[PDB]
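Coordinate-derived values only; no laboratory data. Here the Cβ positions follow ideal geometry from the backbone for every residue, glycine too, while neighbour counts run over all protein chains shown.
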Amino acid sequence: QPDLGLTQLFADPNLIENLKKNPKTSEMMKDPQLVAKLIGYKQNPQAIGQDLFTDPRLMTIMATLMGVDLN
């Protein structure tokens, strides 16, 4: 119920590609530099759980992953 997925989903290997085609989250990949910054943040810092609060779109990414990428 609370929040959505977590660091594990994106911390995994290239998960942004999926994020590119079916979720609105792909907007950040094509424009903001934050994507690169986040990539490092996906690998080592479990702290992402607290950053979702600061990053609105990151939550959308969680939705797709947690939603089985169906709906």
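Considering the chain as a Gaussian network with a 10 Å cut-off on Cα pairs, which listed residue, 30, 20, 42, attains the greatest mean-square fluctuation?
Residue with maximal mean-square fluctuation among 30, 20, 42: 30.
Provide the net charge surrounding residue 28, with neighbours chosen by a C-beta distance below 12 Å and charges set as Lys +1, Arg +1, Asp -1, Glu -1.
That sum, taken over residues with Cβ under 12 Å, equals +2.
Need the full-extension length gain, residue 11 to residue 36, defined as separation in residues times 0.36 nm minus the C-alpha distance. One decimal, nm. Intermediate results must be reported in sequence, preceding the final value.
Working: separation 25, 0.36 × 25 = 9.00 nm, distance 1.31 nm.
So the extension gain works out to 7.7 nm.
Using θ = phi - 60° and the Karplus relation 6.51 cos²θ - 1.76 cosθ + 1.60, list the HN-Hα couplings for the stretch 36-43 in order, rounded to whole Hz, with x at every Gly or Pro.
Karplus values, whole Hz, x for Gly and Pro: 4, 3, 5, 3, x, 4, 6, 6.
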